[PDB]
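*Asks:* My sequence and its experimental structure, below.
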Number of protein chains: 2
Amino acid sequence: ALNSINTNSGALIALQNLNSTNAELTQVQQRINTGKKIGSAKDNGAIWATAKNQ
Amino acid sequence: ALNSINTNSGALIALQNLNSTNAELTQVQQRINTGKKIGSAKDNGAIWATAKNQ
């Protein structure tokens, strides 16, 4: 509703945006820790496989 | 009658109108308490059932 006490749709959207920021922060921490932008097959499978074979 | 001591038709109508106001007040109290305009199947069965399934 517009003046609801049971549902806070604005808080749900704010939670989604905070989760997006936290996921970006986790990615940057992995890059700082490994020194790699592609550190596993999850980052980019084709380039990861090429680098492994090379 | 017009000047009767046994029957007060005006008091009967006034009682009916007071009962109408009391029923409206009970409905508003339920909305304030639950935070819901449709809080049970008695308020609106189709919309209540849709909201339950969703």
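*Replies:* Looks like it arrived, so ask away. Numbering: from 1, shown residues only, chains lettered A, B, ... in the order given.
*Asks:* quick one: the longest helix anywhere in chain A near chain B?
*Replies:* Selection of the longest helix in chain A by residue count, based on DSSP state H, yields helix A:9-34. No: judged by C-beta under 8 Å from any C-beta of the partner chain, helix A:9-34 makes no contact with chain B; its nearest approach is 14.3 Å. For the C-beta atoms, the positions are set from N, CA and C on the backbone; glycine is no exception.
*Asks:* For that helix, which residues meet the burial criterion?
*Replies:* Going by neighbour count (16 or more other C-beta atoms under 10 Å in any protein chain shown), the buried part of helix A:9-34 is residue A:30.
*Asks:* quick one: that helix to chain centroid distance?
*Replies:* 6 Å (C-alpha atoms, centre = their mean, to the nearest Å).
*Asks:* Moving C-terminal from it, which element do we reach first?
*Replies:* Moving toward the C-terminus from helix A:9-34, the next helix or strand (DSSP states H and E) is helix A:45-53.
*Asks:* Distance from stretch A:40-54 to the middle of the chain?
*Replies:* With C-alpha atoms, centre = their mean, you get 19 Å for stretch A:40-54.
*Asks:* Any idea which residue is closest to the centre of chain A?
*Replies:* The centroid of chain A falls nearest to residue A:23 when counting by C-alpha atoms, centre = their mean (2.9 Å).
*Asks:* Could you check how far it is from residue A:41?
*Replies:* Taking C-beta to C-beta, to the nearest Å as the measure, residue A:23 falls 18 Å from residue A:41.
*Asks:* hmm, back to that, what's the longest helix of chain A packed up against?
*Replies:* Where contact means 3 or more C-beta pairs under 8 Å, 6 or more residues apart in numbering or on different chains; DSSP states H and E, helix A:9-34 is not packed against any helix or strand.
*Asks:* thinking residue A:40 is in contact with residue A:47, fair?
*Replies:* No: using C-beta atoms under 8 Å, residue A:40 is not in contact with residue A:47; the gap is 11.2 Å.
*Asks:* if we can go back for a sec, report the contact partners of the residue nearest to the centre of chain A.
*Replies:* Contacts for residue A:23 were tallied using C-beta atoms under 8 Å, 6 or more residues apart in numbering or on different chains; there are none.
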